[PDB]
Structures are given as structure tokens and as C-alpha cells.
Amino acid sequence: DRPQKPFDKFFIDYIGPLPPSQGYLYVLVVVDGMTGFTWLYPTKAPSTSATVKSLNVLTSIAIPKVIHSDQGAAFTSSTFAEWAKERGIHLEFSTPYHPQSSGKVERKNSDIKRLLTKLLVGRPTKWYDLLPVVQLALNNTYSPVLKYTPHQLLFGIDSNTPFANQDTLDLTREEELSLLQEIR
Amino acid sequence: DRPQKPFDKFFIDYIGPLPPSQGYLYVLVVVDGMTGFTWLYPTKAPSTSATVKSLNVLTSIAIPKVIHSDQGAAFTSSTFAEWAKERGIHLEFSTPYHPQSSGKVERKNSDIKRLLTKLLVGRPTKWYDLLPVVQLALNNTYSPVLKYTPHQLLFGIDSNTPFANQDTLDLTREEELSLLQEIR
Amino acid sequence: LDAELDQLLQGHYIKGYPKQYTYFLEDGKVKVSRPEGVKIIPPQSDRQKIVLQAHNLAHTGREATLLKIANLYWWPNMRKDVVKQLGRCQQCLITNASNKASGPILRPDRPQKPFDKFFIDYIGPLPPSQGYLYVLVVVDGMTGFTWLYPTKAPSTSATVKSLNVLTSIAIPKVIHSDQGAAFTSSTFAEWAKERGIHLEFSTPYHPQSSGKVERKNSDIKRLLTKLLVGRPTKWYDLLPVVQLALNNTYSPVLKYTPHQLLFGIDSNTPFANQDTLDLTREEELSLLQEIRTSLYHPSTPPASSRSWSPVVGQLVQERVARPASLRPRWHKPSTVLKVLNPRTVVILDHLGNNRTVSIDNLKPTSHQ
Amino acid sequence: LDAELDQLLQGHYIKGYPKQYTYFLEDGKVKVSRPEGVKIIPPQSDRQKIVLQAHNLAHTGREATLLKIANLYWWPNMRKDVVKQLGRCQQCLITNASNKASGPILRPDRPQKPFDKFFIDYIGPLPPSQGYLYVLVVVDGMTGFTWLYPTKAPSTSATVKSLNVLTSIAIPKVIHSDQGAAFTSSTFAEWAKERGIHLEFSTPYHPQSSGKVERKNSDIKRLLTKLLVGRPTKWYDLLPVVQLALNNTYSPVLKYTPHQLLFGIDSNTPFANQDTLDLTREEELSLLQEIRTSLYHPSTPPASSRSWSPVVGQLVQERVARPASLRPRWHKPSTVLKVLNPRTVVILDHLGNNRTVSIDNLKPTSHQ
DNA sequence: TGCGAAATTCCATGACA
DNA sequence: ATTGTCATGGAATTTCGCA
DNA sequence: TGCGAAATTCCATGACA
DNA sequence: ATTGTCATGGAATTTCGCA
Ligand SMILES: CN(c1c2c(c(O)c3ncccc13)C(=O)N(Cc1ccc(F)cc1)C2)S(C)(=O)=O
Ligand SMILES: CN(c1c2c(c(O)c3ncccc13)C(=O)N(Cc1ccc(F)cc1)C2)S(C)(=O)=O
Ligand SMILES: [Mg+2]
Ligand SMILES: [Mg+2]
Ligand SMILES: [Mg+2]
Ligand SMILES: [Mg+2]
Ligand SMILES: [Mg+2]
Ligand SMILES: [Mg+2]
Ligand SMILES: [N+]
Ligand SMILES: [N+]
Ligand SMILES: [Zn+2]
Ligand SMILES: [Zn+2]
């Protein structure tokens with residue numbers, strides 16, 4: 001069996017609804033399985049249509065052999081299947097109610113949700129503009145298991161934006177109080 | 001004493017009034033003394049102004065050392081003198097009532113008047129358009145005294161419009177009758 | 001195809017499949033172990049589709065297409081099949097640039113006599129001056145003697161008016177022009193026929209062919225510019241001065257001014273030459289004829305190391321004249337009917353008409 | 001002047017008037033009998049006016065001015081006085097063309113790493129497609145990897161929107177652009193400062209300086225044209241295909257695609273290369289680092305036989321950028337303050353500011 | 001240890017407003 | 001303060017397959 | 001029968017929409 | 001059925017002035 005590579009498998013999933021930001025409501029999350037690299041795309045709906053439009057952007061940069069998802073409606077539609085067939089991409093579904101990725105991906109998806117939650121509170125409506133800085137953060141975050149960031153594994157170089165301050169990622173006492181106020 | 005050359009002396013004089021042609025009434029006649037080459041310019045008046053404007057055309061092709069004329073008003077004006085001084089052209093006047101040129105020039109000026117008279121009758125108002133064909137005729141007319149046309153003496157080559165039919169130049173019986181009818 | 005690859009698998013020799021490599025089967029596919037790695041040998045009947053798929057990714061040329069194919073496949077003489085497809089891709093043929101230069105320029109003989117050939121052209125639009133916007137420029141081929149006429153438009157009517165004045169002096173055998181609207185109208189053709197003047201046209205979109213007058217345009221504009229420095233661009237009243245100034249300027253290579261070539265003697269202008277003061281006009285016209293024939297004439301420059309020259313029956317393509325945004329710069333391939341000279345040809349378009357065309361507006365179709 | 005010519009007439013030797021010729025008087029004027037004929041020797045104090053009158057007839061250069069003067073006059077070292085006037089004629093200096101070529105081009109080192117340097121530029125206007133008219137093109141210096149963004153204008157705002165999306169992937173050290181309005185605005189400068197990105201500008205009116213992206217523009221347009229043949233020019237929906245097509249096209253000289261230089265491995269595209277299937281990612285990134293450093297790099301071409309190279313303190317002239325009809329193509333002479341490299345300099349204009357300028361937009365002032 | 005042919009490399013040409 | 005580039009397809013050169 | 005310097009010729013460069 | 005041209009100013013080459 002051959003070693004694991006970038007573009008071998010992309011793991012996709014939606015996050016949201018979120019509070020509106022420039023008319024956007026969801027984030028399509030794409031994680032490269034081998035490297036842990038994250039691409040985020042803001043959408044208005046978890047539809048096949050928004051998924052196709054967003055993946056068209058990413059797949060005009062690099063095409064995965066396999067896309068892995070849960071059995072979200074957007075991903076099990078025959079339109080999405082057509083889309084993937086057209087591009088020679090194999091689709092792969094986790095069984096209903098039993099989501100499985102890899103340790104690396106799971107932990108990454110975790111960081112994504114926590115980091116999102118953190119920076120939204122205070123400014124729950126300004127997340128669209130922050131998506132770039134979020135991805136840089138995620139992709140320049142050191143992997144305990146491998147000696148390298150996703151940036152490094154993807155491009156084979158150090159980055160020009162290293163994130164040396166490995167951040168708290170936890171909500172400070174104020175933010176817990178603020179987050180429970182916005183939910184009122 | 002040095003031999004005679006083109007541009008040594010231009011002989012100028014006006015012919016007219018003539019019947020109107022495209023608003024024109026006179027012909028300024030310029031004859032190169034050495035070669036017998038003729039330039040004709042249609043004018044609206046025998047003024048210094050029309051003379052200057054016409055000679056500006058010719059003198060942007062070649063400048064005579066000496067211009068010879070009678071004591072026409074247009075040629076004795078101080079404006080015309082200024083004009084000639086500006087261009088380093090010497091002015092030369094025949095004494096009043098006693099016009100003198102050369103044999104060659106005299107005969108040329110004769111041909112000009114006769115040829116004009118001939119072609120005007122029948123179409124006394126269409127002479128403006130004929131001035132070009134007139135000059136070609138004159139300048140491709142063989143000189144009995146020299147073995148050459150003015151064209152040949154000026155450019156040193158045969159022309160592409162030779163006038164082999166040395167024309168009658170005299171008015172036929174019809175034209176004498178027609179010319180005495182237009183004068184009625 | 002399938003038969004050939006069969007005999008191959010059972011260890012026999014097929015021409016162009018080198019014997020020293022082992023050809024095996026794996027996943028229903030014929031393979032071979034080559035120095036760079038294991039490549040699939042597809043059946044002949046599959047090869048054209050492969051080459052085409054590779055080529056179409058980005059419509060790449062020989063090597064960039066080959067490098068895609070070689071990633072997966074091997075078969076005998078791959079580039080032969082690549083080149084075959086390139087020669088049939090209409091899109092590549094009409095979009096790509098040429099990489100072969102034209103053969104060296106001709107230096108046509110100087111017209112033998114003043115008035116043998118006029119070159120005429122328009123300059124403009126210039127800034128409005130007394131209502132005028134253009135200049136008709138007439139240059140005598142032999143002498144370089146030039147006449148200038150201000151016009152309001154580059155029109156036949158203004159061309160005819162101007163040339164009626166000029167041809168009062170002499171009538172030229174031939175007038176050479178480019179294919180400007182003013183020169184190609186039937187009115188202008190009539191005007192010339194009436195006078196026994198032959199009209200001669202440059203090949204289309206090839207201003208070098210009017211080089212004689214074009215080059216004079218340069219000097220005309222250069223002098224006007226210098227005289228207009230720090231003044232409003234009131235050029236109308238300067239045309240005459242410029243005409244006279246240039247007609248009396250020396251060509252350092254000839255040692256003569258256009259005026260001297262035309263008349264054999266300076267008129268009353270500044271710094272007039274006096275060397276023939278003691279000659280008779282006839283002796284002077286004698287020396288002029290001698291001077292006219294002995295003028296320096298340039299020769300055809302060396303060809304560039306990768307020029308092409310047209311051959312009868314060759315496929316060549318005419319450059320599109322005014323190509324629209326995102327449209328090909330070349331017409332479809334057409335054939336050389338006649339080679340008029342090494343820089344000028346007649347082609348059949350494919351519709352098709354005869355066109356006389358400059359080699360500079362042609363590329364030789366690639367891949368035959 | 002008059003004293004010198006006096007001693008001359010009475011048969012004495014004055015330096016630079018060769019003794020073997022007889023100098024006489026005639027019509028109040030000093031003369032001399034030279035092989036070509038009898039010429040007037042004017043007094044020194046008259047010579048500048050003569051040279052100037054000759055020169056001004058048509059603002060002629062060295063020989064064509066000399067040939068007029070020699071028609072009437074002789075004196076020692078005439079061309080020295082001719083050249084003196086040419087060097088002082090403001091009109092000739094700012095109107096004439098140069099006849100010295102630039103020194104050979106530099107081939108700057110390829111950026112060492114992906115993201116070290118971006119080259120960005122706009123293409124357009126294109127035919128309207130979904131309301132869009134332009135394309136922002138971003139090319140990574142090291143890899144040639146390219147990103148395309150359709151815009152409605154070549155504006156800072158659209159540049160910033162597009163680059164916020166791009167820099168989601170990585171942030172580049174330097175962004176090199178030309179002096180297009182979108183890149184030179186203070187808004188764009190702020191945007192870059194906010195991100196620690198250094199902005200680097202081409203010298204003005206010198207697109208070769210953005211050669212990396214410019215050259216990619218060519219391929220982008222060439223591919224779009226081929227895909228649009230016999231269809232309406234609906235290019236918007238093709239940008240993505242073109243991006244992917246080109247990023248995965250081989251450079252025949254490098255033997256690598258921009259994608260391979262960026263990632264060290266093909267993604268799931270057609271004809272993907274498989275040579276590193278058995279390597280670990282780490283072994284693969286190891287081979288990539290080696291491949292990146294060993295890429296072919298071109299060298300500075302030979303100089304042309306009549307090039308000039310800038311020297312500190314030299315008088316040079318900047319080409320006028322958009323010269324009006326019948327106006328000079330050159331600015332007044334200015335001085336080379338610093339030679340940044342053999343093809344780039346800083347000049348003081350004469351007003352004057354410091355300008356960093358390409359040698360291609362300079363000529364060396366003639367006659368010193 | 002050398003031949004004919006295929007493969008690879010060379011590189012001038014031209015186009016990026 | 002900054003700097004040309006590189007796909008292209010014939011030709012020139014090297015390598016391959018075989019002996 | 002040869003030297004230094006001036007004169008002349010050579011010719012690449014660029015621009016004619 | 002038509003076809004590049006030539007002013008320009010440094011450099012290269014020839015000629016001049018003298019011996
Ligand atoms: C725009 N073109 C035209 C040009 C000229 C015309 O006079 C034209 N008259 C009519 C129609 C089109 C004309 C002209 O003077 N040019 C300048 C020039 C001169 C010499 C060169 F070597 C290069 C360029 C281009 S073209 C021939 O299609 O390219
Ligand atoms: C009209 N100019 C401009 C050009 C380009 C720009 O992108 C410009 N952006 C902004 C402003 C002016 C721009 C550009 O792509 N060019 C094409 C090109 C490319 C490479 C070459 F070697 C030659 C020509 C010219 S310019 C630089 O003044 O001449
Ligand atoms: Mg889901
Ligand atoms: Mg009178
Ligand atoms: Mg024209
Ligand atoms: Mg023209
Ligand atoms: Mg630009
Ligand atoms: Mg550009
Ligand atoms: N010829
Ligand atoms: N460099
Ligand atoms: Zn193609
Ligand atoms: Zn001047």
C-alpha cells in the first residue's frame with residue numbers, strides 16, 4: 001500500500017446556520033486528509049447548488065481523488081453525484097448517525113468550530129471578513145503528531161505568516177458571559 | 001560672364017480680366033527665362049495680395065534670383081518689395097510703356113495669350129479646369145531656336161506627355177464667328 | 001491494435017517495440033517496464049483519442065502535449081502521433097503565433113527618371129489648422145522631391161484637386177499608393193486613366209511597400225514638430241516652408257538634395273551650390289544624367305537564421321487584419337498559387353479568391 | 001576673426017590654415033582656392049551665425065548641415081563648430097530619435113520560494129461577460145502558479161476583494177506590479193501594510209518589468225481564444241478551466257508544471273504524474289526542494305553592437321509618455337544621479353524630481 | 001564501437017494593452 | 001526606489017537499439 | 001613613406017497611423 | 001496583381017598636411 005498524499009481525500013462538511021454576515025449563513029469546510037489543510041467557503045444555504053459553486057472554486061486549484069462527507073442532503077443528491085462523476089472524483093459517505101474521518105481531521109474540525117465560536121462572539125456578524133485570517137491561523141498551526149503545519153506539508157516551505165502565539169482557543173470569563181447574553 | 005540658367009530670372013505678368021471661372025478672373029503668368037517653362041496661377045485680382053499668395057506656391061518649389069515685370073501696381077507696391085527682399089529675390093522693372101523681356105519670353109507670352117484665347121472660345125467660363133493642360137502643352141512645345149522643350153531643359157529628361165501634334169493655334173472660321181458672337 | 005499487442009505479450013517481436021523490454025499484463029491492460037517506470041501501452045485504435053485528450057487540456061504544442069501523455073503511456077513514435085494532431089487542430093493553427101521570420105526585404109531599383117513613379121500617402125489627422133486636418137504627401141521615386149497639400153479629409157476628391165495642381169508641372173508614368181480609401185475608389189481610377197497614369201497598389205496592410213513616402217512622412221513630422229516647439233500647433237502656414245526645407249536638404253549618403261536630383265542646379269535658396277556656374281545648361285544636364293545613374297543603391301540584407309520563403313502550393317495563412325478581442329490572429333490555411341517575388345505572393349483563400357499579399361502578413365502552416 | 005585673417009592674407013602661417021593653399025581677397029571677402037573650388041573664409045566671429053543658419057534650414061544633423069556650409073565656405077575644423085551647435089539646439093535634442101540601443105536585458109533570479117513574490121496585472125477590457133470586463137491575474141514568481149479573478153473594473157477595490165480571497169491560502173512576501181491606477185492608490189498601499197506585504201513597482205511605462213505576469217497574460221488570452229473559436233465570447237465561465245488548464249501545463253524547458261512546482265505532486269487531473277507514488281510525503285517534499293533549486297535559469301543576452309550603458313552624471317533624456325500630435329517624443333536633458341543596475345537608473349529631471357526609470361525609456365543626450 | 005533513427009535539447013520568433 | 005519571459009516547432013545534437 | 005589628426009564613410013537604430 | 005527607406009551621430013577607415 002502507497003503512502004498518504006495531499007489531494008488523496010478531501011473531507012467536506014457544513015457549519016451553520018450562523019448569524020448573517022454579508023448575506024452569508026454557512027461555511028463549507030474542506031480539509032485535506034493527509035496535510036490537514038483547510039479551505040473555507042461562505043454560503044447562503046447547505047444546498048447542492050452552493051456546494052457545487054464553492055467546490056468549483058477549489059477544484060479549479062486542485063482536484064481530490066475522493067471527497068468524504070456525511071449523508072447531508074446537499075452531498076447525496078444526484079446533481080452532486082453528476083458533478084463528481086464529471087470530474088473523476090469518487091464520492092464517499094460515512095454511515096448515517098456515525099460520522100468518521102481520521103484523528104487528524106476530527107481534531108481539525110474541532111479546532112475550526114472552537115476558533116469560529118471564539119472570534120464570532122463580540123462580533124457575530126463580522127465573520128465573513130475574518131474567514132481569511134481564520135484559514136491562515138488553522139493552516140499555520142503546528143501538528144503535535146507530525147512535526148509540521150498544514151502549510152508546510154502542502155507547499156514544502158515555511159510560511160510568511162507563522163502563528164507563534166499558540167492561542168488559548170478557550171472563551172475567557174467575559175466571553176462566556178457575552179455568549180450567554182447574545183443567546184438571550 | 002556665366003551661362004544662362006533656370007531660376008536666374010522669372011518673368012511675371014497678369015492676363016485678364018477674363019470671364020469668371022470658379023470665381024477667378026486673372027492668370028498670373030510666370031516664365032522661366034532660360035528654359036521658357038511656364039507656371040500659371042488663377043487669381044481674383046491683379047493685386048499684390050493675390051500675387052504674393054500665388055508666388056508663395058511657386059517659391060515653395062523654386063526661388064528665382066530675379067523677378068522681372070512691368071510697372072503693374074501689384075508689382076511696384078512696397079509690400080511686394082518687402083516680400084521679395086525677405087526672400088533674397090531682386091526685383092527688376094521694364095520702363096513704363098516699354099515692355100522688354102527676351103525673344104524667347106516674348107514668343108512664349110504670345111503663345112500663352114493665343115492658346116488661352118483659342119480654348120476659352122466655345123467654353124469661356126471653363127478655363128480654370130484647363131490651366132493644367134495648357135501648361136503641359138506650353139512646356140512640352142518644341143523650341144525652334146533650341147533643340148528642346150522647356151520640360152527637357154528644366155528636368156533634363158523626355159516627358160511622359162509629349163505634344164506631337166504641333167497645333168494650329170489659329171482660330172478656325174467657326175471660332176472667329178463664335179468669338180465675335182460672345183463679344184456681342 | 002489488439003492483435004499486435006497479443007503477439008507482443010506471447011514474447012514475439014513486433015517492429016518498433018524494442019525486444020529488450022518485458023511486456024506484461026496487469027488490470028486488463030498491456031504494460032511495459034521502461035527506464036522511467038511502468039507505462040501502459042494502449043492499442044493503436046485508442047492512441048488518437050489519448051493524444052487528443054492530452055492536447056485539448058490546454059491546446060499545448062509538441063513537447064507539452066507529449067509530457068502529459070508520457071506520464072501514463074508509452075508506444076512507438078509518440079511524437080509522430082502528437083504532431084499529426086497538431087496539424088489537424090484548427091484552433092491551434094489559427095490562434096498560435098509563427099516562429100519563423102520572413103525572408104530578407106527586397107530593395108527595389110530606384111525609378112530611373114524623375115516622374116517615372118510617384119509614391120503618395122496621407123498623414124493625419126493632425127491638430128486642426130485653418131480647418132485642415134490632413135496632408136497629402138507626394139514623393140517622386142527617383143529624386144525624393146516632395147509636394148505637400150493640406151486637406152480636410154483623406155478623400156479622393158481632395159486627392160484629385162491636389163494632383164490636378166501637381167500634374168500641371170509633369171504627368172508621372174506610375175502612381176504607387178497603399179490601399180487607403182482615397183486611392184482605391186473608382187473615381188480615382190478614372191482620374192488616372194484619363195491621364196494615362198498607371199495606378200500601382202501596395203499589398204494590403206503593409207506600409208513598408210509605400211516606404212519611399214512613409215519615410216518622408218517621418219521627416220515631415222519631425223521638422224514640423226521642431227518648428228512648433230513652444231508654439232501652438234498651427235502647421236498649415238508651415239507646409240510650404242517644410243516642403244522647400246526638405247526638398248533642399250542633403251542626403252548624406254547620396255551627397256545630393258532632392259532639388260538637385262530634379263533640376264541639376266540649386267535655385268535661389270540659402271547656401272546654394274555653385275559648382276556648375278561655368279557649365280552650359282547642356283553640360284550641366286549632361287552631368288546630371290551621369291549623377292542620376294551612379295547613385296548608391298542598397299542590397300538585400302542577410303536572411304535571419306530562421307526565415308521562410310514561399311513555394312508554390314505551400315499551405316500558408318494570412319494574418320487577420322483587425323482581429324476582434326479574443327479571436328484568432330490568423331485566417332484558415334490557404335495555398336500559394338504564384339510566387340511573384342520572394343516577398344510577395346498570390347494565394348487562394350479557400351472560399352476563395354486570389355489575393356496578392358505580402359509575405360509579412362503570412363505564416364507557413366505548421367506541421368504541413 | 002579679422003586680425004587672424006589679416007596675418008593670413010600677408011602670407012604668414014596661422015595654425016590650422018594649411019600653408020600650401022593661396023589665400024586671397026575678392027569683393028571685400030577673404031577667399032581660398034581648395035580642390036573642390038573657391039570658398040569664402042569667414043571671420044571667426046561670423047562662423048557661429050553661419051553654422052546656425054545652415055542648421056536651421058531643416059534642423060539637419062552633422063553631415064547634412066556641413067554639406068550646406070561647404071557650398072560657400074571653408075574654415076578649420078568645420079564639423080567641430082557644427083557639432084557644437086547640434087549639442088545646443090534644444091529642438092533637435094528633444095525631437096530626434098536615438099540611434100543607440102539599450103544594453104542587454106537582465107534576467108533577475110527566480111524567486112527562491114513559492115510566495116516569495118507575486119506578479120499581478122490586469123487584462124482588459126474584454127467583451128462583456130456576465131457584467132465582467134477585466135481579469136486580475138496573479139502569478140507566483142517561483143512556480144508560475146496563476147490565479148485568475150474576473151472584475152468589472154481594474155480598480156483597487158476589486159483588487160483588494162480578490163486578494164483577500166487569494167491570501168486565505170498564503171500571504172506573499174512581496175507583490176510586484178506595474179503603475180496601473182489600482183496598484184498605486186494609497187488604499188492598496190494600506191491593504192498591503194496591514195498584512196506585512198511589501199509592494200514593489202515596475203519603472204514607469206516598462207511592461208517588460210512585469211514580464212512574469214505579462215507573459216502569462218499571453219497564454220491566458222491564447223487559450224481563451226482557442227476555446228471560444230466559433231462561439232460567442234462568453235469567457236467568464238472559462239476562467240476557472242483556463243486557470244486549471246495552465247497551472248497544469250508543462251513548461252518544456254523546465255519539465256515541470258506550475259502545479260508540480262507548487263505542491264510537488266499532481267492532483268486528480270488528467271494524465272497525472274505518478275513517479276513519486278512510493279515516496280513518503282516527506283521524501284517527496286525533499287525531492288521537491290531539490291527540483292526547485294536546480295531549475296534552468298537564463299543568462300543576460302549579448303549586447304547589441306551599438307548599445308549604451310548609463311554612467312553617473314551623464315546627460316540622458318526620458319521619453320515623453322503620451323506625446324501629443326506634432327510634439328517632441330523626448331523630455332529636456334536630465335542627469336543620472338544613481339545607476340541602480342545596468343538597466344535601471346535614478347535621474348534628476350531639471351525641475352526637478354528624482355525618478356526611477358528604465359534605461360529603455362532613456363536616450364543618452366547627443367553631442368554631450 | 002559504429003550505424004540509422006528516435007528522442008531530446010536548442011533556440012529564434014513573437015506577443016503579453 | 002529596481003530588473004523581461006516562455007510556448008512554440010523545425011534543426012542540431014544526443015541517445016537508443018542493435019550488432 | 002610614415003605619422004597624428006581631420007575628413008569622410010560606414011552602418012545600426014528607429015520611425016513613417 | 002507586386003517589392004522598405006533613409007536621417008542620424010559615434011566608430012572605423014581613409015585622406016590630408018607635412019616631412
Ligand atoms: C494602419 N496602417 C496604415 C499605416 C499607414 C498608412 O499610411 C495607412 N494608410 C491607409 C490605411 C492604413 C495605413 C502608415 O503610414 N503606417 C505607418 C508605418 C509606415 C512604415 C512602416 F514601416 C510602419 C508603419 C501604418 S496599416 C498599413 O494597416 O498597418
Ligand atoms: C500601455 N502600457 C501598459 C501595458 C500593459 C499594462 O499591463 C499596463 N498596465 C497599466 C498601465 C499601462 C500598461 C501591458 O500589459 N502591455 C503589454 C506588454 C507586455 C509586455 C511587453 F513586453 C510589451 C507590452 C503594455 S505601457 C506599460 O504604458 O506601454
Ligand atoms: Mg453535514
Ligand atoms: Mg502687367
Ligand atoms: Mg496611407
Ligand atoms: Mg503612411
Ligand atoms: Mg497593467
Ligand atoms: Mg499587462
Ligand atoms: N526592381
Ligand atoms: N537578481
Ligand atoms: Zn489545439
Ligand atoms: Zn535643430
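As a basis for the values below, the full set of heavy atoms in this structure was taken, side chains included, without hydrogen atoms, waters or symmetry mates. First the proteins, then the strands, lettered A, B, ... as listed; each starts at 1.
Under 4.0 angstrom from either OP1 or OP2 of H:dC6 there lies at least one side-chain N or O belonging to C:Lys212. Within the structure, a side-chain polar atom (N or O) of D:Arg343 is placed less than 4.0 Å from OP1 or OP2 of F:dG4. For C:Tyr21 and F:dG17, the shortest distance from a side-chain N or O to OP1 or OP2 is below 4.0 Å. D:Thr203 has a side-chain polar atom (N or O) that falls below the 4.0 Å cut-off from OP1 or OP2 of F:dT3. Between D:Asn96 and the phosphate of G:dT13, there is no side-chain N or O to OP1/OP2 separation shorter than 4.0 Å. Distances shorter than 4.0 Å separate some side-chain N or O of D:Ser209 from OP1 or OP2 on F:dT3. An OP1 or OP2 oxygen of H:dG17 is reached within less than 4.0 angstrom by a side-chain nitrogen or oxygen of D:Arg34. Put simply, C:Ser304 has a side-chain N or O that comes within less than 4.0 Å of OP1 or OP2 on E:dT13. Residue D:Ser366 places at least one side-chain N or O under 4.0 Å from the OP1 or OP2 atom of H:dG10. Not one side-chain nitrogen or oxygen of C:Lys100 sits closer than 4.0 Å to the OP1 or OP2 atom of E:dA12. Using a 4.0 Å cut-off, no side-chain N or O of C:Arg329 falls inside it from OP1 or OP2 of E:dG14. In this structure, D:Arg306 does not reach the G:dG14 phosphate: none of its side-chain N or O atoms is under 4.0 Å from OP1 or OP2.
Mapping D:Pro76 and D:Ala97 onto DNA chain G via the closest heavy atom, the residue that lands nearer the 5' end is D:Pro76. With the nearest nucleotide of DNA chain G identified for both D:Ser307 and C:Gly124, D:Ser307 has the one nearer the 5' end.
Within the nucleic acid shown, C:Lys255 comes within 4.0 Å of sugar-phosphate atoms alone, with no base atom in reach, counting heavy atoms only. Within 4.0 Å (heavy atoms only), C:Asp121 reaches no atom of the nucleic acid at all. C:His297 comes within contact range of no nucleotide atom at all, as no heavy-atom separation falls under 4.0 Å. Using a 4.0 Å heavy-atom distance criterion, C:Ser218 is classed as a sugar-phosphate-only contact. D:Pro252 comes within contact range of at least one nucleobase, with a heavy-atom separation under 4.0 Å. Counting any heavy atom pair closer than 4.0 Å across all strands shown, D:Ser202 reaches sugar-phosphate atoms only and no base atom.
For D:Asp219 and F:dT8, the CG to P distance is 7 Å, given to the nearest whole Å. Atom CD in D:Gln368 sits about 12 Å away from atom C1' in H:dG9, given to the nearest Å. To the nearest angstrom, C1' of F:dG17 lies 9 Å from OH of C:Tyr13. Atom NZ of D:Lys338 is separated from atom P of F:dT3 by 16 Å (rounded to the nearest Å). The CD1-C1' distance, from C:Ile359 to H:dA1, rounds to 17 Å in whole Å. In this structure, C:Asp81 atom CG and E:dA7 atom P are separated by 11 Å, rounded to whole Å. If you take NZ of D:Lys216 and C1' of E:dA17, they are 19 Å apart, rounded to a whole angstrom. What separates NE2 of C:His176 from P of G:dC16 is a distance of 19 Å, to the nearest Å.
With H:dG4, F:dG4, G:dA6 as the candidates, the nucleotide lying closest to the side chain of D:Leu106 is F:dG4. The D:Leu66 side chain lies nearest to G:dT8 when the options are F:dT2, G:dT8, E:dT13. Side-chain proximity of C:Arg107 to the nucleotides G:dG14, H:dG4, F:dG9 is greatest for H:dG4. When distances are taken from the side chain of D:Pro18 to each of F:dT8, G:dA7, H:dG17, the shortest belongs to H:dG17. Distance from the side chain of C:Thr60 is smallest to F:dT8 among F:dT8, H:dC6, H:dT3. Residue D:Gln20 places its side chain closer to H:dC18 than to any other of H:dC18, F:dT2, H:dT2. Closest to the side chain of D:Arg215, out of F:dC6, H:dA7, H:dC6, is F:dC6. Among G:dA17, H:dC6, H:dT3, the nucleotide with an atom closest to any side-chain atom of C:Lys221 is G:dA17. With G:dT13, H:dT3, E:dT9 as the candidates, the nucleotide lying closest to the side chain of C:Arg62 is E:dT9. Checked against G:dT13, F:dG4, H:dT8, the side chain of C:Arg222 finds its nearest nucleotide in H:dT8.
Between the C:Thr95 side chain and the C:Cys92 main chain, no donor and acceptor come within less than 3.5 Å of each other. Without hydrogens or angle criteria, D:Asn353 side chain to D:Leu348 main chain gives no donor-acceptor distance under 3.5 Å. No donor-acceptor pair closer than 3.5 Å links the side chain of D:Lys226 to the backbone N or O of C:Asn96. Without hydrogens or angle criteria, D:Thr249 side chain to D:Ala245 main chain gives a donor-acceptor distance under 3.5 Å. D:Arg343 places a side-chain N or O within 3.5 Å of a backbone atom of D:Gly103 that can act as its donor or acceptor partner. The backbone N or O of D:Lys80 sits nowhere less than 3.5 Å from a side-chain atom of D:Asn77 that would complete a donor-acceptor pair.
Distance check: D:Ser358 OG to D:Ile105 CD1 gives 11.0 Å after rounding to the nearest 0.5 Å.
Closest approach of C:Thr365 to C:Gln317, counting heavy atoms only: OG1-OE1, 2.8 Å.
Looking at C:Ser177 and C:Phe201, their side chains come closer than 4.5 Å, going by heavy atoms from C-beta outward.
Side-chain contact annotation: C:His55 with C:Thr60, donor-acceptor N/O pair under 3.5 Å absent.
For C:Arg110 against H:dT3, no side-chain N or O and base N or O form a donor-acceptor pair under 3.5 Å. In terms of polar N and O atoms assigned as donor or acceptor, the side chain of C:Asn99 never comes within less than 3.5 Å of the base of E:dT13 in a complementary pairing.
Other residues, nucleotides and ligands place no more than 12 heavy atoms under 6.0 Å from the CD atom of D:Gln368.
Groove contacts of D:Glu214 are confined to the minor groove, judged by side-chain heavy atoms lying under 5.0 Å from groove-edge base atoms.
Overall bending of the helix from E:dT1-F:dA19 to E:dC16-F:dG4, expressed as the angle between end axes built from five pairs apiece, is 40° (10° steps).
Not both conditions hold for G:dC16 and G:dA17, whose six-membered rings lack centres under 5.5 angstrom apart with planes under 30 degrees, so their bases do not stack.
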